[PDB]
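Asker: Can you read through this structure? Questions will come right after.
Where a number appears in this text, it was derived from the coordinates with a stated rule and is not lab data. Cβ coordinates were reconstructed from backbone atoms using ideal geometry, including for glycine residues, and neighbour counts include every protein chain displayed.
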Amino acid sequence: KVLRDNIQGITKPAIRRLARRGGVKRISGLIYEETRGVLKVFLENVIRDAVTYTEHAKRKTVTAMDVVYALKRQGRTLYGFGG
Amino acid sequence: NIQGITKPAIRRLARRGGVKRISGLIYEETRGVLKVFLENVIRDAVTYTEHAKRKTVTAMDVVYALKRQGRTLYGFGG
Amino acid sequence: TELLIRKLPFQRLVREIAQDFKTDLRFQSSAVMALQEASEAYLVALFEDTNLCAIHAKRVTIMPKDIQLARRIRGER
Amino acid sequence: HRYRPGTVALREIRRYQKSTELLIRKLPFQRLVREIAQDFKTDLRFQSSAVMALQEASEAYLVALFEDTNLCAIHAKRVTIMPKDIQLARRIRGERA
Amino acid sequence: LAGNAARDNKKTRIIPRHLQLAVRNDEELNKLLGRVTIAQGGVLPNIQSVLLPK
DNA sequence: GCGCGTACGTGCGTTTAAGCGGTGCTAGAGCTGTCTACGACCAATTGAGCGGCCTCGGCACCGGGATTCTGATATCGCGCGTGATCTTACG
DNA sequence: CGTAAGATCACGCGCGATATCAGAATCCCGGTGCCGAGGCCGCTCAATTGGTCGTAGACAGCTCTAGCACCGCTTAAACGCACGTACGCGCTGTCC
């Protein structure tokens, strides 16, 4: 099944909560689309690295260690999923 | 000593950085920031030189120090 | 500490994203979970920097130019 | 006559951005480096190349920091960089806490 | 790109400023050398709009 | 600091697809047995990059001449304010 | 005839753009020297091949477990409107 416009699956209340955890009190209107774009770029890069790692692995499934490796590459090391 | 980094030299650096108007407290703040940066880089360079059992801090020690700090420099035998 | 982004829309978005790099790709649920954790930590940090920018503008409401400034200063593109 | 304030500053901006020579006179910077190093280990000797590399890195870092500071000041509708600008830029960079 | 820049600056021998211009002007090379400072490289000419005279 | 326009919060109403469970099918990952290609090393061979030493020049510097660019001032132009002349209305 | 209100022309005053002078910037060119670049010769020191061994990797076959899909159920989550109120934007005074 084709996938389309899933970036709007990131609803306004989700981004609002996320900013709340970031200490933001008042949020402007057009912010939400820009957070969608920024999340889009970040996901693009991280999943690019993970997909390349899977491709070398000759596997048809992305594994958690692939994500952890990609995050370590981006200077964004993550604990709690191995590695 | 630290004041040897003259106010006008800081203005020249800012001008190369594209700054038009500069505040008075800027100069002292920049002296502090430069002090901190040099402290860290020279600390790493000394650590390397000590590990080399040499009384001369060499250029490669400096290059390795900036490489550690993610500030890689070219033109000194990288 | 519980996640703020809802799980299923995020999973659909990630599946679309990966599909555009390469088709017929499957995911371990743990891999999707790690992706979501990384994304949430990143954007919470970004929102913190944005709020810092907005206060610097003698403002209280975060505005898109604030995130642009934060990402420029972060060295992101 | 008199040049209106702010014009000669733009002229220097044009001048220095077209040139690459170091903007800190060597000997005070060398003495500052020697003083800073002395606190870490005594009776130390420096290669001139090492000192030059230190100056290049420091000046480039300062120029980048001033660029970020000017951007931050402009974001505040301002034209003059002030210490809060450097502090905010360093904070967002993550070097200052 | 460095030889191109040197031709633009009307020079026969490449100097580091040519290298800096070539790397920073090119978006992809600039991204590759994102954490690299080139000695005697200088900066690109860039003045913010609001700083310009009216 | 003052003044004015307004974006969106709370609340309410309404609507919906996201989680739990329940089932069912299953894809390629993971773990044993076969089979085979190759790089380190040793001898021996051969040859190329580095350094020393020559030779040569693209540009800095000096000095001079020529072309450009803000700061100041003044005229042209347009817009607003005032008096004179022509017009209309009232006495 | 005489006075009062209105339209138009002439004259005067005020704000903005664009002709000129003038000192500081910038570019170009005649002519010289140089320290760095470039090439040739020697020399070690590096690359390559005859030939061997275990080693890692490739391949094939048996096992199956979480990955995927749908259906039903339940409901927390998402979207639109009244409004008014603090926030955003714009003008203005002061003096650092």
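Asker: So if I take the centroid of the Cα atoms in the stretch C:26-77 and the same for the stretch A:1-54, what is the distance between those two points in Å?
Answerer: 9
Asker: Related question: May I ask you to derive the FRET efficiency for C:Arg74 and D:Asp43 from their Cβ-Cβ distance with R0 = 45 Å, giving the value to the nearest 0.05?
Answerer: Once the sixth-power term is evaluated, E becomes 0.60.
Asker: Next question. Estimate the FRET efficiency between C:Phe21 and E:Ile15 by the formula 1/(1 + (r/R0)^6), using the beta-carbon distance for r and 41 Å for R0, to the nearest 0.05.
Answerer: It comes out at approximately 0.50.
Asker: Now for a separate question. Note the angle between two axes, namely the Cα long axis of helix A:31-57 and the longest principal axis of the Cα atoms of chain A, as a number of degrees from 0 to 90, rounded to the nearest 10.
Answerer: 0
Asker: Once the mean 1/r over all distinct Cα pairs of the protein assembly as shown is inverted, what Kirkwood radius in angstroms do you read off?
Answerer: Computed over the protein assembly as shown, the radius equals 23.5 Å.
Asker: Which of the residue pairs A:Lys72/E:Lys31; A:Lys40/B:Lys35; A:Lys72/B:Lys53; B:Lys67/D:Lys26 have a Cα-Cα distance greater than 29 Å in the structure shown?
Answerer: A:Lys40/B:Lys35; A:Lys72/B:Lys53
Asker: Next question, about the same structure. Along the charge dipole of chain A, which of A:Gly22, A:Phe42, A:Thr77 sits closest to the positive end, that is, farthest toward it, with unit charges on the beta carbon of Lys, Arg, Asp and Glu (+1, +1, -1, -1)?
Answerer: A:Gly22
Asker: Right, another one. Give the residue list of trypsin sites (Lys or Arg not before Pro) in the stretch C:14-71 that are DSSP loop and have at most 11 other beta-carbon atoms within 10 angstrom.
Answerer: Filter output for the stretch C:14-71: C:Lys58.
Asker: In the stretch A:27-67, which trypsin sites (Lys or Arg not before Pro) fall in coil by DSSP and have 11 or fewer other Cβ atoms within 10 Å?
Answerer: Here the sparse-neighbourhood loop sites are A:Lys58, A:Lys60.
Asker: Right, something else. If you project the alpha carbons of the stretch C:1-76 onto the principal axes, what extent comes out on each, in Å, largest first?
Answerer: Taking max minus min along each principal axis of the Cα atoms, the stretch C:1-76 gives 49, 28, 17 Å.
Asker: Under 13 Å Cα-Cα from D:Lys41, which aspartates and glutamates qualify once same-chain neighbours fewer than 8 residues away are excluded?
Answerer: Hits, sequence-local ones excluded: B:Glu39, B:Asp44, B:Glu50.
Asker: Just flag the chymotrypsin sites (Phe, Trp or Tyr not before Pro) in the stretch D:1-76 sitting in loop per DSSP whose Cβ has no more than 13 other Cβ atoms within 10 Å.
Answerer: D:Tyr3
Asker: If amide hydrogens are placed 1.01 Å from N in the peptide plane, which non-local residues have theirs closer than 5 Å to the one on C:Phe27?
Answerer: Answer set, sorted by chain and number: A:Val62.
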